[PDB]
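Following: one structure in structure tokens, then a few remarks.
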Amino acid sequence: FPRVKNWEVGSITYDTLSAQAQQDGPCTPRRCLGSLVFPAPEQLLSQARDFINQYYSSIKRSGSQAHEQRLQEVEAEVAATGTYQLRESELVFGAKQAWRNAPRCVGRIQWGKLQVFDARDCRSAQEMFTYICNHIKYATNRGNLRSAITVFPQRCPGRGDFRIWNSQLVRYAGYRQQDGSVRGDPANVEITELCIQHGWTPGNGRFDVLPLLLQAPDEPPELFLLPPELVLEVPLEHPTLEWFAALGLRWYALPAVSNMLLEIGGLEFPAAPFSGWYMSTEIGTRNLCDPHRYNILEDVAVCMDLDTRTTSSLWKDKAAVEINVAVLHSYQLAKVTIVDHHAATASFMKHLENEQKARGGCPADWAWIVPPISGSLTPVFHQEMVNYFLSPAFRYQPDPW
Amino acid sequence: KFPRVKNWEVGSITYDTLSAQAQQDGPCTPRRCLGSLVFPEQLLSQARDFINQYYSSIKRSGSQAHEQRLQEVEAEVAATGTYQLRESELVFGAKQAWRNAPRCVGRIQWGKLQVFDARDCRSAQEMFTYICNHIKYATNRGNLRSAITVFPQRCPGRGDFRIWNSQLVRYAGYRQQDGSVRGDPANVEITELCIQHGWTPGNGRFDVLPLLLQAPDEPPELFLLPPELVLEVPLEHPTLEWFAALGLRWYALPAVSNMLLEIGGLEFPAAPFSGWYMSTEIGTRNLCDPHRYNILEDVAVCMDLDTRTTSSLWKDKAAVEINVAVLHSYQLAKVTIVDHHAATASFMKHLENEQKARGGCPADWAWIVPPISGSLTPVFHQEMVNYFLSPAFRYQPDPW
Ligand code: HEM
Ligand code: HEM
Ligand SMILES: CNCc1cncc(-c2cc(C)cc(N)n2)c1
Ligand SMILES: CNCc1cncc(-c2cc(C)cc(N)n2)c1
Ligand SMILES: C[C@H](O)[C@H](O)[C@H]1CNc2nc(N)[nH]c(=O)c2N1
Ligand SMILES: C[C@H](O)[C@H](O)[C@H]1CNc2nc(N)[nH]c(=O)c2N1
Ligand SMILES: [Cl-]
Ligand SMILES: [Cl-]
Ligand SMILES: [Gd+3]
Ligand SMILES: [Gd+3]
Ligand SMILES: [Gd+3]
Ligand SMILES: [Zn+2]
């Protein structure tokens, strides 16, 4: 089993949990591909057996009365229907484990605190939209954010999938400009074009919240506008650079991923949006400073009167730090939950410690866990980590179009 | 079977066909990735291989002299159980090993390397002057020049040379009446060895250590370094006038002396190579790591930052100014240094060159991305393939 060192302190542990990794990643002994962003009844039965085993362990009833009954119930159902149905408690446990198992999530200290909305009876895109609005309202909670997931009906033979076409519930439009550029968020050019193609009347601002394109089984996507008062936003200002407000920058409160597939015991939920609260560097560093995103870094540095004609003045580093300050200040001023990268990484270290005792290890993707600014100033930089795939899981899936 | 590599900033795609050569295997399996871990008669096999590389590089594969050099290595191993490298081969392999180092962000320079051939060395005294030639050459009054000195290869039945220090220039680390260290904590061990072999310890936080040089089958001997030969830069800040009063310094020459050079199956456990610093190595890691000089809070106090809450980003602000002070001080002293923006931009050009030249480039994403401002540099947005090519610099155990 792999030995794992923390270089700040000298700690050494062994990741015995990785030996249970069923599905395989992209690396081989010849080459590591860890930096890549994107890496049958009997086999349904083995996945279900393992998950039922996981569930009955969690309720300290492994090998008991109910446990054997449930394994036999599942085999009979797969035999008779080609599939099976989770009990509500199994669904709650499986959603939590999927978060717990997510190697690129730095916020997993929170994994046991997840509100699970059971939407597996959803019948239409219109009902789907109602469920989504309830999710957003509950999770936003007027800025005191609460972690939640809404689970729509599972994939099943004979019927198409429920899908949310948008990659998140809240996204800003990205409009290909007149002179080649993009107005708004360049990450969202494609979904913006899809919304227009499906009858949306576009705006022309940099921060126009997109409509939702919601797909019911064997149905084309349907367009749904979010009420503005449902989408809580934060205007960005800086505590001491008063000209920063004049940039007119904003971000939204709720990070809600809506394009991933939830897998529990071999069953697949292609529509299961989940939400937490932001870590400030996602907004301040990636969304606002990536050259292919809002790309504000040079404009901010020029306004700061930094010397932008030489790299060795560290003008980029100085301006990124103040942009992150602005995000934290603005969300704190607006009373909207946010965590800075120092606090987030420190609590992740506690999570690693908890998980070593509970399970003997923790799947973690170092490149995603280490924040995009001030990497070695956080404790996770100095922590070796072992990346592997456990189930239940959130998986990437192709876009439905 | 040829990995697709995407740059997410631009959208460009390439394929790493070079990875198909990866001889020695890394630590990863389809079951789990270990990329973030720091330390994870067949001598003919990799001697043939290396010779074939050379003659291809000089556009001389399959012609006269290629055949000829294949025979003498055959004959030398048959007659002696090993072989000696031609001068030009020692040079070509030294550069290729640097070219192949997945963790080196400075490889745009790999073609410009000065190779000193110390293969006729014998005794810790000969090493000392051999190492002193390198240092004064590489240092060059602050106009740093990349250089490697190749001490004799390893032979069966006896010896091998070793430099006991991890680098040629290391600051001492002294324990206290309470354990905690004055000086560099990373060097507490070699410091205790240097004293243990009879060295008068200094009192201070930046005492340059003596060298423990090991001739084959000898107890090592201590060697003072001439102070005028160890170029150091006192640290000041352009606008924070008190920064000089913190009394911080770093040395000019980064020279790694504990690594084993391997060319064509031959092994050189003493083969120090040197370049010039990227400023985050000094300003971020050496000075701000909690287990190194750990000065971050002291600088933040002097800057009157709000260290009471993490969300003031006081750590980030103090760290940036420490890096500013490093770059400013090295430039004022006219000592070659490169900032992490310039360094990573040059590495992107290196990747582009290597794609044309060899169809790929082994790169360790976690080590290429700088330890501050990661996503502000282009390498953050570049997918990379990590694998082992030969010739290579390899890690080796401590000589005890
Ligand atoms: C409660 C506060 C939370 C914080 C602070 C947090 C933080 C983060 C961050 C910073 C990332 C990397 C995102 C990126 O760079 O694109 C991430 C990824 C992720 N998070 Fe969390 N998260 C939280 C809650 C949750 C919840 C509630 C779930 C699911 C139940 C979850 C599941 C995931 C998954 C699956 C990923 C990987 C997404 C991907 O790889 O594209 N997180 N999280
Ligand atoms: C010319 C300027 C150079 C720069 C700016 C540079 C930069 C760097 C940096 C920043 C590292 C990371 C080391 C660490 O974080 O501890 C590194 C590692 C490394 N460098 Fe370069 N380097 C240069 C020249 C060279 C030369 C001349 C050689 C050998 C001939 C070389 C071979 C290596 C190797 C083998 C490593 C891996 C060290 C390890 O794995 O611990 N570099 N370099
Ligand atoms: C494609 N990257 C996935 C992604 C993108 N944006 C934001 C997140 C995210 C998700 C959650 C639940 C919390 C958080 N703090 N962040 C994940
Ligand atoms: C433990 N990593 C090895 C190490 C440690 N310190 C510094 C370097 C280094 C080496 C070279 C040639 C250049 C540079 N700019 N830096 C390498
Ligand atoms: C190529 C590289 O893997 C890619 O840019 C990754 C690096 N680490 C990351 N880490 C997080 N948290 N989010 C990201 O999008 C990325 N991007
Ligand atoms: C655990 C982790 O791999 C370790 O801290 C690595 C990360 N990346 C690094 N990158 C460089 N250049 N140098 C280092 O020492 C490290 N340390
Ligand atoms: Cl986001
Ligand atoms: Cl160093
Ligand atoms: Gd003011
Ligand atoms: Gd303007
Ligand atoms: Gd005062
Ligand atoms: Zn790997």
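The chains referred to below are lettered A, B, ... by the order of the sequence lines, with proteins before strands, and numbering in each begins at 1. Order of listing sets the numbers, starting from 1, for every ligand and every atom in it. Only heavy atoms go into these numbers, but all of them, side chains included; no hydrogens, no water, no symmetry mates.
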With sequence neighbours excluded, give me every side chain to side chain donor-acceptor pair (under 3.5 Å) pair touching residues 104-114 of chain B. none
State, yes or no, whether a side-chain contact exists between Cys288(B) and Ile322(B) at a heavy-atom distance under 4.5 Å. yes
Could you name the protein residues that come within less than 4.0 Å of ligand 5, counting only heavy atoms, and order them by chain and residue number? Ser35(A), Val37(A), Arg286(A), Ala367(A), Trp368(A), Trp365(B), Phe380(B), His381(B), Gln382(B), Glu383(B)
Give every pair made of an N or O atom of ligand 4 and a protein N or O atom lying under 3.5 Å apart, one pair per line with both atom names and the distance to 0.1 Å, or write 'none'.
| residue | atom | partner | partner atom | Å |
| --- | --- | --- | --- | --- |
| ligand 4 | 6 (N) | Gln167(B) | NE2 | 3.1 |
| ligand 4 | 15 (N) | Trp276(B) | O | 2.8 |
| ligand 4 | 15 (N) | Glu281(B) | OE2 | 2.7 |
| ligand 4 | 16 (N) | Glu281(B) | OE1 | 2.8 |

Does anything in residues 253-262 of chain B form a side chain to side chain donor-acceptor pair (under 3.5 Å)? List the pairs, not counting sequence neighbours. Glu262(B)-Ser390(B)
Report the C-alpha separation of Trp8(B) and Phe38(A) in whole Å, then their side-chain angles, then the decisive distance to 0.1 Å, and conclude whether the ring-ring contact (aromatic ring centres under 6.0 Å, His included) test is met. CA-CA 11 Å; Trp8(B) 288 88; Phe38(A) 297 121; 5.7 Å; yes
Indicate yes or no: at least one non-hydrogen side-chain atom of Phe381(A) is less than 4.5 angstrom from one of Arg285(B). yes
Report, as yes or no, whether the 6.0 Å neighbourhood of atom NZ on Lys136(B) holds more than 12 heavy atoms from other residues, nucleotides or ligands. no
How are the rings of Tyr293(B) and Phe206(B) set relative to one another: parallel (under 30°), tilted (30 to 60°) or perpendicular (over 60°)? parallel
In terms of relative ring orientation, are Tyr252(A) and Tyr278(A) parallel, tilted or perpendicular, with 30° and 60° separating the classes? tilted
Using a distance-only test with no angle check, is there a side-chain donor-acceptor pair under 3.5 angstrom linking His134(B) and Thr149(B)? yes
